[PDB]
């Protein structure tokens, strides 16, 4: 992983060696969001021949910390039911069981668990369900 721009400075030695000129690098930067080399702090040529860009502070976008937004819960959703069939492994991974499903089926007026095309569990959300009815609509 060679560094083609270090601390805002074009590194001509490794550009030659990695066989990329200016026109090519400029084009690779624009596909990553940086429209001039003046806005770039770090640029790294990768294995697959892609460029990774760390923009200079002033041109970067603000993170959650920078805007003092309180640290929030970040979690993946879990697919409980797919195509009318309950997914086995995903029940215990979400720490739920078939009792919880049927209680939540009745909470949204659903009759069997094969009436449901798709259902997903999210930590900070109600249970999401797409019925076979809802999918013709």
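Residue numbers count along the first chain shown, from 1.
*Would you mind comparing 99-107 and 58-66 for me and telling me which has the higher average C-alpha temperature factor in the entry?*
Taking the mean B-factor of the alpha carbons in each, 99-107 is higher.
*Out of 121-129 and 21-29, which stretch has the higher average CA B-factor listed in the record?*
That would be 121-129.
_Highest recorded C-alpha temperature factor, please, choosing from 52, 47, 34, 75._
The C-alpha B-factor peaks, among 52, 47, 34, 75, at 47.
*Tell me, lowest, middle or highest third: where does the Cα B factor of residue 87 rank within its chain?*
Top third by C-alpha B-factor.
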